[PDB]
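Participant: Before I ask anything, here is the structure I am working with.
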Amino acid sequence: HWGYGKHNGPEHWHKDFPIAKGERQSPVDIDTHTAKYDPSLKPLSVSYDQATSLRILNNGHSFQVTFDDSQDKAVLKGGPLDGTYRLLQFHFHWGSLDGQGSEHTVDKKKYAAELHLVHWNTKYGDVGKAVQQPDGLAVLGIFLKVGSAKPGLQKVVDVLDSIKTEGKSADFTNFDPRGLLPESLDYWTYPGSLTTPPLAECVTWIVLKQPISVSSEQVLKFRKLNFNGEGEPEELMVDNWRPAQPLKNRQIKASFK
Ligand SMILES: CC(=O)O[C@@H]1[C@H](O)[C@@H](O)[C@@H](CO)O[C@@H]1S(=O)(=O)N1CCC(OS(N)(=O)=O)CC1
Ligand SMILES: [Zn+2]
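For any residue, its number in UniProt numbering is found by taking its place in the sequence shown, counting from 1, and adding 3.
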């Protein structure tokens, strides 16, 4: 019954998931002046042209768009990664106000939201097995700021009324996640974890330097979603972000100077 409230939020999670206080937890603050440029980092390879979106779902802690990951259709490769990572789903974290909502921060700056494109390493065969491995997942993180609208996001926001409450899902085919990407693929990378329970330490994080801009109307539609199931007291789905965790014995690497 974990969540993001006063009595079940991130400060409580360690009781059910003691790895919450582990050695490679996420998110973290990205100190841009301390991140080390690593000229050996290869360019990110994002191959999304054959992506097959399936469903969109309110899972009670966010909403997610799920993809067919039974074939190499939408994959992430290169960068700090060895091998091929299949896109399983994407989801967002966002705030009650534009000055908060992101999980990662940049020089302590919070963005209005953060997009996570979740991929798993095909050498482990399925995502359940991948989450048990130190290099099982690669999550591509993209910051959202409020300004101009993001046209590629609009098809997502327009269906959110149909999945307002926990458990609701809808058909969401032929969605192209390339429409969510910024111009630059410049990134920071570090070894980390899931940012929701079970907080497994299985993620190579790849966080893009360039945020995308979304409109105030687009983020307002995020904030109209509900944590609760239908018929329960309405609690707006906002501030579903875990705060920055201690960096401990890790170095964030940058793909750029
Ligand atoms: C669907 C979902 O919300 O997460 C589940 C689950 O919590 C986790 O134990 C594992 C089991 O299937 O992974 C999936 S997930 O792959 O789709 N999932 C989504 C949210 C988590 O993303 S996060 N915020 O680290 O980036 C990563 C794992
Ligand atoms: Zn996430």
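Note that CB positions come from ideal geometry on N, CA and C, so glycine has one too.
Is there a Cβ from chain B that is less than 8 angstroms from the Cβ of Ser151?
Facilitator: Annotation note: the requested chain B is absent from the structure, which comprises a single protein chain.
Participant: Pick out every residue whose C-beta is nearer than 6 angstroms to a heavy atom of ligand 2: which are they, in chain order?
Facilitator: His94, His96, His119, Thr198
Participant: Could you please give me the residues that DSSP links to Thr69 through a beta bridge?
Facilitator: Under DSSP, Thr69 shares a beta bridge with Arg58, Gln92.
Participant: Among all the DSSP beta bridges, which residues are the ones paired with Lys39?
Facilitator: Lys256
Participant: In the stretch 108-132, which residue ranges form an unbroken beta strand (DSSP E) of at least 3 residues, counting only runs that do not cross its ends?
Facilitator: 116-124
Participant: For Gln248, verify whether its CB is less than 7 angstroms away from any heavy atom of ligand 1.
Facilitator: no
Participant: Which one of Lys158, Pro200, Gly182, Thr168 has the shortest CA to CA distance from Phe20?
Facilitator: Minimum Cα distance to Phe20 is reached at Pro200.
Participant: In terms of residues, what are the limits of the beta strand (DSSP E) holding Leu188?
Facilitator: Note, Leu188: premise wrong, no beta strand (DSSP E); not H, not E.
Participant: Just the C-alpha distance for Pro137 and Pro194, rounded to the nearest angstrom, thanks.
Facilitator: 8 angstroms
Participant: Do the stretch 165-174 and the stretch 110-125 make contact, defined as three or more Cβ pairs closer than 8 angstroms?
Facilitator: no
Participant: For ligand 1, is there a heavy atom less than 7 angstroms away from the beta-carbon of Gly131?
Facilitator: yes
Participant: Does the beta-carbon distance from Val142 to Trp208 come in below 8 angstroms?
Facilitator: yes
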